[PDB]
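Some notes on the structure that comes next.
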Amino acid sequence: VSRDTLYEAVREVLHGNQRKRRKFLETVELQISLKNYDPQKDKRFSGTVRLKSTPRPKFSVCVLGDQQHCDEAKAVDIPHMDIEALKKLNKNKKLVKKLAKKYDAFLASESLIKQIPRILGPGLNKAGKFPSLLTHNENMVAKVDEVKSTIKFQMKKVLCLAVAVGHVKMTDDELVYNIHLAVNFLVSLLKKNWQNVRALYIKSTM
Amino acid sequence: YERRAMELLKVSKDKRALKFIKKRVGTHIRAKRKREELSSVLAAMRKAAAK
Amino acid sequence: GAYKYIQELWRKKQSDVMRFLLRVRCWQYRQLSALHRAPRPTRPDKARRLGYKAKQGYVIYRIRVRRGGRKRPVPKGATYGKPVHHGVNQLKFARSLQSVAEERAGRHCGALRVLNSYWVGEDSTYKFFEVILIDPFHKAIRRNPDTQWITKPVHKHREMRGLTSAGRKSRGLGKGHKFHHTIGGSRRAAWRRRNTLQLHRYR
Amino acid sequence: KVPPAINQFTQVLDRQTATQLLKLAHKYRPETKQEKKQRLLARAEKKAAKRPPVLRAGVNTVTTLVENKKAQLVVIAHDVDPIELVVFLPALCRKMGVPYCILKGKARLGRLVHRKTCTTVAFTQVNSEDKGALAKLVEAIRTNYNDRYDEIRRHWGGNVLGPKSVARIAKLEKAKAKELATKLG
RNA sequence: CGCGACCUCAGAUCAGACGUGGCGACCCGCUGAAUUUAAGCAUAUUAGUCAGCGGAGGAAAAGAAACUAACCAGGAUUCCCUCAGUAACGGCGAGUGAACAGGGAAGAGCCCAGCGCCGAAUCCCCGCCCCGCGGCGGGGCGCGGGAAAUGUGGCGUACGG
RNA sequence: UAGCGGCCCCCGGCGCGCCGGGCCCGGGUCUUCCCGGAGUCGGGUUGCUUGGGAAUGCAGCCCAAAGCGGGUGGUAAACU
RNA sequence: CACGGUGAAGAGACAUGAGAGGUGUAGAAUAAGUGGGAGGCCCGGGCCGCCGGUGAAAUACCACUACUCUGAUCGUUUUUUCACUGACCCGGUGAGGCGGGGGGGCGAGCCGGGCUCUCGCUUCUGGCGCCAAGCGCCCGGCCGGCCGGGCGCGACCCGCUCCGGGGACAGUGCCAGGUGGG
Ligand SMILES: [Mg+2]
Ligand SMILES: [Mg+2]
Ligand SMILES: [Mg+2]
Ligand SMILES: [Mg+2]
Ligand SMILES: [Mg+2]
Ligand SMILES: [Mg+2]
Ligand SMILES: [Mg+2]
Ligand SMILES: [Mg+2]
Ligand SMILES: [Mg+2]
Ligand SMILES: [Mg+2]
Ligand SMILES: [Mg+2]
Ligand SMILES: [Mg+2]
Ligand SMILES: [Mg+2]
Ligand SMILES: [Mg+2]
Ligand SMILES: [Mg+2]
Ligand SMILES: [Mg+2]
Ligand SMILES: [Mg+2]
Ligand SMILES: [Mg+2]
Ligand SMILES: [Mg+2]
Ligand SMILES: [Mg+2]
Ligand SMILES: [Mg+2]
Ligand SMILES: [Mg+2]
Ligand SMILES: [Mg+2]
Ligand SMILES: [Mg+2]
Ligand SMILES: [Mg+2]
C-alpha cells in the first residue's frame, strides 16, 4: 500500500480521539480484508509480524520454564511454573484452559514443549497455544517485550483478519512504521500483490 | 484502450488487462510499462478520492 | 515554448480533442481538391521540424492520396506467366503514400523544390499530407546562406529521386547489418558492384 | 460534440470587459518601427553627446513567461486557425495561477500590436497608475475563468440539431404531451 | 444598414522571375517479364535483369552511426585487394550468396528544429543620390510599402549547451 | 621533329598597396540551469524482397507507444 | 477491423456500495470463524459477561470480512430493437418560395372575445401575361406652377443545412473462408 492515504487515515483518527476519549483501556486496532482467496482451499499463509514498540498496553504473558528461569523471572515479575507444576495443571482440563484463556499468549523453555503434548496437545491448541521457545542466552528481559505483539497472520475458514496495533498517545511516525510492518508483511505473505485488499480501517476501537 | 485497461484493473483483472495491453501496444515490456503507469494513475485517483 | 506543448498534444491522437479535430479537419480536406495550396502549415511545429521557416519562399501544398495497395494494372487480372507472378490484388507499392504525395506536389509545382512533408489526417479512403515546397529563385532563399543547397541544380526534383525523408525511407538505406543490400548508395550500386567481374590485367 | 478544451474558447469576455481591457492594452503597446527608430535617435542624442512595460505577444513568448510565473494577465484570442496553438494554454494558466481571459478577435488582438493577427498577449508589469486598473480587470476576469475552470473543463459543446429537426421533434413531443394531457382528460 | 479589421478563396495580357522539352554512356527513384537452367515442371533460376515511366549532374547516389563488435576494442561515406565462392539461402536439388575484422586509395566535416535569453534585434520590394555597372551588387537617405510574434535573426545541437 | 627555344596578343591564378564598410569577438576553474524530431517507433497480418534462416529490408492495412526511455546485440519467448 | 457518430427502450455481465438470515446443545439465545482484551456504555451508581457456566471454536468491549439473497442509483461495457443526422450516398433544379412564427377567409364547441384543425385565390375555349401600377415618406432644378429622382409597402418576419430521399447501412481500404475452365 502507499503511505500518503495511510497518513490521512492516521491523522483523521488522531483527531478522532477527541470524538471518543477512551476509558475501556486506551488501545486501537486495524482490520485487513481480502477479496478472492478461497477460505477452504490451499496455499494457506501463516506468518508472524515482529513489531518494535508493542503499542498494546496490557499484553498478557506468562512463562513455562525450568531452573535458572526462577530468580531472573522473580526479579522481572513474570510468574514462573515448572514441569511438575504442569502436572498439577494437567490434573484437570478445567482450570488450565481458563488460565490460558485469561492469559493471551505464553512462552516456554526448551524441554517443556516436549512435555506439553502428554495428553494435552489437542487440549492446548483448542485455545491456540503454541508456546515459543527461549534460547541459550537466557535473557528474556525486553526480549519478552519483543516476542509479544508478534502478530500471527494466519489463514482460517474465512477471508479476513484484525491486528491489535496502536494508541494515539504514542508517536505518529513509529505508529505508521508499525502499520507499515503489518501491511508489507501481509502483502509479501499473500499469494499475489496488494491488489488483493479491499480497504484498511485503522480506526479507534470504540 | 487506456480507459478500457484501467476499467479492467478496477475490477482487478490484471492478467487479462496486461494481455489486452499487449494486444494493443505490442511488446510485453511496453505492456508492462503501460500497465504500471495505469496502476499509478488509478492509485492517484484512489488516493485523491479519500481526501 | 509552446511548440513542445503542441508536439506532445499531436502525439495523443486517440484523445477526444484530437479525434474531434482530426474528424472535422479530415472532412474539410476531403471537401476540397486533391492538390491545393495551403495558406500556412496546419502543423506549424511539425513543419518547422522538417525544415519550414515562416518567411517568403516557403509554400505549403496539401495533398490527398488514395489509400490501399497497388492493384496490378493488367487487363482482367491476367498476368501471362508463371504462377509466382499471378498476384493482382494483395500487392503493395514500394514507396509510401507520403512520398506519393510529395511527387504529386512537385510534379504540379515543378518550379518549386520539395523539401519535406507530413501527415495531417486520414479516413478509410484518403490520406492527407502537407508538403513543404520552396522557391529557389526568391531572393530570401537565394540570399540566405543557410538555405541555399536547394538553389543548386543537383536538387532538382528531390521527391522523384527519393532524396527527401519519406523518399529515403523506402530505399533500404541505413547503417549496419540490416542494410547490407545498400552498400554503395543503393540496391543498384550494391548489385552492380557485387555482380561484376574484375578482370585485371595480370590476374 | 465539441470537446470542452475547444468549447472553452466559445465562452468569452463581454463588451464591457473587452472595452475595459482594450483601454488598458492600448497604453502598453509595443512601439512600431517608426517609434523605435526615433526612440533609438532619442536615446542616442542623450547618450552619445528603463524600458517601460509592454505587452508580450505570441504563443512562445507568452507560454514561456506563463510557466515562469512572470505573467500577470494573459488574453487569448478565440479563433486561431489551428486551435492547438492555444488549447493547452488555459490549463497552463490555471495551474500556474495566471489570470487568463479569452477575447474575441485575433484581428483585434493583432491590431493591439502593429501586425495582422496575434494569438495571445500578456501583461507582465504595468505602471503604478494602471496597477489598480489591472487589479480591477484581474478581479473581473478570474471570477469567470480561473475559478470556474473545473466546471469549464467538463462542459461540452455542439450537439444541437437543425432548426427543422428541432421543430419536428418539438411538434412530435408536444403532440405526445397534449395526448398525455388527454390521458387523464 | 453601413464602415473597417482578419481569415479563407478568386480574377487580371497587373510587376518581376521560374518549370515544361532534348540528350541520356555513366547516376538516382519506381515498375518489372519471359526465353533459359533444373536433362520434365509448378517453388527456385533467369533477375530485381530486359522492356516501360519519371529526375539529374559533370559526376550522381551515399555520407558523419538509433554502426561494427564482444576485442588490449574500433570509428562518416565511396572505391580496390582479401575476406570468399565462405557464413548462409535452396523441390537443402539446380543453383544462389553477403558482412565484420585486415591492408590500402581517398580523407573533412558540419547545420537546423526543439530548450533558452536579446525593446523582430530578421527578411523582401519600390523611390532618390553616388559608385560599380556582360554573374544586378556596395554605401547613404525615405513620418516609403510589405513579410514576420501561427516565430525571423544572433548564440546554440548531443563531441554536450 | 628536337630544345628550361624566341617574339606578340589574350585570359587567369598569385603577391603588395589605398578607400569605404563589417566584426569590436577568446580560454581555464567553480556555481546555477537546460536538453531534443510521433499515426513515428514498436506489434500483428498481408504481399514483395534478402544470404538473413520462428520473418534482412520495404510497403499496404489494423493496432498503436515510452522516457533511469528507445533501437541494436544474426533462434521464437520470459527473468536479469 | 477501420472510416463510422447521436438518443431512448429491451436483455445481460452485479462494480462502487444499502439492507439483511446462520443450531450436534452446551451457554443469556442462535457465538459463520478469527486477532486481541483487567476495566465502556447509560448518567459514586447501574450492565451481561472478559471469568463461573462450559461446548465442535466460550459470547462483555470494538473489529474486519464473508456464504447467499434482495434493492438502489452512476456498474461501465456488451447485445437487440426503435428512432436521429452531421459522415457517406442518390435524385431534381438556371440549387426559385424549405421549416417555424405570425397576420387573413372559413369550420368545431362557449360567452364583441380566448382555443384546435384547415385553406390560401389559375379548369368553359389550340388568346395574353416579364421589363409595376397604385399608395406613402424624403430629395433636387427654374419663378404655388413646371421638370426630375430616391426609399418603403405592394411581394410578411426569423433561420443553421438548396430541396427531397436513404443513412451509420450501402460503399471503400486491408485481411479471412467459399466459389471460380471467365
Ligand atoms: Mg520494386
Ligand atoms: Mg549530392
Ligand atoms: Mg522504419
Ligand atoms: Mg506580368
Ligand atoms: Mg527445362
Ligand atoms: Mg532440356
Ligand atoms: Mg518446356
Ligand atoms: Mg529475383
Ligand atoms: Mg531499362
Ligand atoms: Mg527532364
Ligand atoms: Mg549538364
Ligand atoms: Mg545526401
Ligand atoms: Mg565501414
Ligand atoms: Mg578461399
Ligand atoms: Mg539473387
Ligand atoms: Mg572493413
Ligand atoms: Mg528564435
Ligand atoms: Mg543560427
Ligand atoms: Mg550526432
Ligand atoms: Mg617544337
Ligand atoms: Mg527472391
Ligand atoms: Mg540478450
Ligand atoms: Mg540470439
Ligand atoms: Mg476456371
Ligand atoms: Mg486451360
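Residue numbers (the working numbering), protein chains in the order written: chain A, 1 to 206; chain B, 207 to 257; chain C, 258 to 460; chain D, 461 to 645. Heads up, the beta-carbon is just placed ideally off N, CA and C, and yes, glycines get one too.
Asked                                                                                                                                                                                : Found
If we call anything under 8 Å between Cβ atoms a contact, is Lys97 (chain A) one with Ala75 (chain A)?                                                                               : no
Over the uninterrupted beta strand (DSSP E) stretch that includes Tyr383 (chain C), give me the two end residues.                                                                    : 383–391
Strictly below 9 Å CB to CB, what residues from chain A border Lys216 (chain B)?                                                                                                     : In chain order: nothing, as chain A lies at least about 11 Å away.
Just the C-alpha distance for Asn137 (chain A) and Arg252 (chain B), rounded to the nearest angstrom, thanks.                                                                        : 49 Å
Determine whether the Cβ of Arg268 (chain C) lies closer than 8 Å to any Cβ atom of chain D.                                                                                         : no
Could you tell me which chain D residues have their CB closer than 8 Å to the CB of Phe385 (chain C), listed as they occur along the chain?                                          : Simply none; closest approach about 14 Å.
Could you pull out every residue in the same chain whose Cβ sits closer than 8 Å to the Cβ of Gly441 (chain C), ignoring the five residues on either side in sequence?               : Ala447, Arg449, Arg450
In chain order, what residues of the same chain lie with their CB nearer than 6 Å to the CB of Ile227 (chain B), ignoring the 5 residues before and after it?                        : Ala211, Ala237, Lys240, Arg241
State yes or no: is the beta carbon of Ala485 (chain D) nearer than 8 Å to at least one beta carbon in chain C?                                                                      : no
Would you mind telling me which residues of chain D sit closer than 7 Å to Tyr318 (chain C), beta carbon to beta carbon, in chain order?                                             : Those within 7 Å of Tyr318 (chain C) in chain D number zero; the least Cβ separation is about 17 Å.
Quick check on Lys257 (chain B) - is its C-beta less than 8 Å from some C-beta in chain A?                                                                                           : yes
Counting contacts by CB-CB distance shorter than 8 Å, is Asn619 (chain D) in contact with chain C?                                                                                   : no
Which residues of chain D have a Cβ atom closer than 8 Å to the Cβ of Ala446 (chain C), listed in chain order?                                                                       : Within 8 Å Cβ-Cβ: nothing; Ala446 (chain C) doesn't reach chain D, min ~42 Å.
When DSSP builds the beta bridges, which residues end up paired with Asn92 (chain A)?                                                                                                : For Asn92 (chain A), which the question treats as bridged, DSSP gives no partner whatsoever.
Could you run through the segment 545–577 of chain D and flag, in chain order, every residue whose CB is less than 9 Å away from some CB of chain C?                                 : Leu545, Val546, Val547, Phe548, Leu549, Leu552
Quick check on DSSP: helix, strand or coil for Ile536 (chain D)?                                                                                                                     : strand
What residue range does the alpha helix (DSSP H) around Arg282 (chain C) cover?                                                                                                      : 273–287
Roughly how many whole angstroms lie between the Cα atoms of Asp541 (chain D) and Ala255 (chain B)?                                                                                  : 39 Å
According to the neighbour-count rule (16 or more other Cβ atoms, all chains shown, within 10 Å of its Cβ), is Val620 (chain D) buried or exposed?                                   : exposed
For a test of your reading of the model: does the CB of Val411 (chain C) fall under 7 Å from any non-hydrogen atom of ligand 2? Yes or no.                                           : yes
With DSSP collapsed to three states, give me the class of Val28 (chain A).                                                                                                           : strand
Measure the Cβ-Cβ separation of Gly433 (chain C) and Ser427 (chain C) and say whether it is below 8 Å.                                                                               : no
Just to confirm, is the Cβ distance from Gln585 (chain D) to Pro513 (chain D) under 8 Å?                                                                                             : yes
Does chain C have any CB closer than 8 Å to the CB of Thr470 (chain D)?                                                                                                              : no
Within the same chain, show all residues whose beta-carbon is closer than 7 Å to that of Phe583 (chain D), passing over the 5 residues directly before and after it, in chain order. : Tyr488, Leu515, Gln532, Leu533, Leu594
Please determine, among D:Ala504, D:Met556, D:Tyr560, D:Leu545, the residue with the shortest C-alpha to C-alpha distance to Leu473 (chain D).                                       : D:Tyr560
Is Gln67 (chain A) helix, strand or coil when you go by DSSP?                                                                                                                        : coil
Under the rule that 16 or more other beta-carbon atoms within 10 Å means buried, what is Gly338 (chain C), buried or exposed?                                                        : exposed
Mapping DSSP to helix, strand and coil, what is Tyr7 (chain A)?                                                                                                                      : helix
Just list the alpha helix (DSSP H) runs in the segment 470–509 of chain D, keeping only unbroken ones of 4 residues or longer that don't cross its boundaries, in chain order.       : 475–485, 494–507
Would you tell me roughly how many angstroms separate the C-alpha atoms of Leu124 (chain A) and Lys58 (chain A), rounded to the nearest one?                                         : 22 Å
Over the uninterrupted alpha helix (DSSP H) stretch that includes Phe583 (chain D), give me the two end residues.                                                                    : Note, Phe583 (chain D): premise wrong, no alpha helix (DSSP H); beta strand (DSSP E) at 580–583.
Hey, does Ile466 (chain D) have any beta-carbon neighbour from chain C nearer than 8 Å?                                                                                              : yes
Per DSSP, what kind of secondary structure is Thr521 (chain D) in: helix, strand or coil?                                                                                            : helix
Give the straight-line distance between the Cα atoms of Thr408 (chain C) and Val558 (chain D), rounded to the nearest whole angstrom.                                                : 47 Å
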